[PDB]
Each structure stands twice: as structure tokens, then as C-alpha cells.
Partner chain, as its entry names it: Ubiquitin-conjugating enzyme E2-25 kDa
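Okay, here we've got a single chain as C-alpha cells, the form deposited without the partner chain, with questions on binding and movement later.
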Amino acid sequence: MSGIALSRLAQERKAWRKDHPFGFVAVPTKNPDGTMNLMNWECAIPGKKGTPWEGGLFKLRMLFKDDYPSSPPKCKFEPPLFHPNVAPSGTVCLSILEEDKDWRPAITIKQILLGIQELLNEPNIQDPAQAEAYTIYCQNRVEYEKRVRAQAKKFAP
């Protein structure tokens, strides 16, 4: 019973195709039979210019639940990224991505992606999801920035 989620996702797809930030990618995956799987989207976030993430194209998957948009979509970087707020599994979280926090119907895919992009260069040090990136970020910012640049190059188109 995901008809309600599918009706919205179909409109979000059209809206995204009509207008979305340059460099960003958000497309539903395909089912084995060739039809669209609107519950599972393949996305890509370009590093923000002027930052150490520049030049990189970071891929992530957006998974929607049958009760969407009551619940937020689950976002996971594939592969997992070196970042304080990116879990080892690649899962990335934001206040607007938490049902019990700032998630709400007014939230769009464009908002989520831009929100995650902003997070990449401006980590949330109070709520890390990874111990490794958080540790280096706090103990040696220069080294942290270095790891980020290398990662940005590795993920350049």
C-alpha cells in the first residue's frame, strides 16, 4: 500500500527534471522489468566550489518507505565517505531527515541534497556518525582537510 508515496514521488521526479541545481543528480532506479522504481533513487552531489570538496561527485542512494512522506527518506553514500557525519555504512543524517525532528511534507529532494552538500564542508561536530573522521577533524584540521582533498579527487568524474 504505497500508492500515496508513489503519487508524490512521481511528481517530485517531474519537478526535479524541470529544475534542479546544476551538477546534482537524482533519478529513480529501474526494476528488473525495465519500469521505474520510484522508491529507490540514485543521486549524486557535486562538491561545493571554493571548498576542498570541489571537483568531486559523491554518489548516494535515496530509499523511500511505503509510508512516505510521513517518514523521511533514508540517505546513504555509496561508497561510504570520509566525513564526521557519514556513518561507516555510508548513512548520512540531517535534522530535516529525522521524523521526530525537522522532517515534514514541505521538505523536498532538492532541499535534502543541498542540505547534505552544505554538510559536507560544514560538519555537525556535536552529532558525528563516524569516529574516524570526527577524531581527525578535531585533532588535526590540516590533516583532515588533506584527507578530504584526496577523497574529492578520487571521486571526480
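Residue numbers count along the first chain shown, from 1.
**Q** Quick one: say whether 105-113 or 45-53 has the higher mean Cα B-factor in the deposited entry.
**A** Looking at the recorded C-alpha B-factors, 45-53 comes out higher on average.
**Q** If you take the mean CA temperature factor per stretch, which one wins between 95-103 and 25-33?
**A** Per the PDB entry, the higher value belongs to 95-103.
**Q** From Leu38, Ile125, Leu119, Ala129, pick the one with the largest CA B-factor in the entry?
**A** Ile125 has the highest C-alpha B-factor of those listed.
**Q** Sorting by Cα B-factor within the chain, modelled residues only, which third would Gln151 end up in: lowest, middle or highest?
**A** Within its chain, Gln151 is a highest-third residue by C-alpha B-factor, going by the deposited values.
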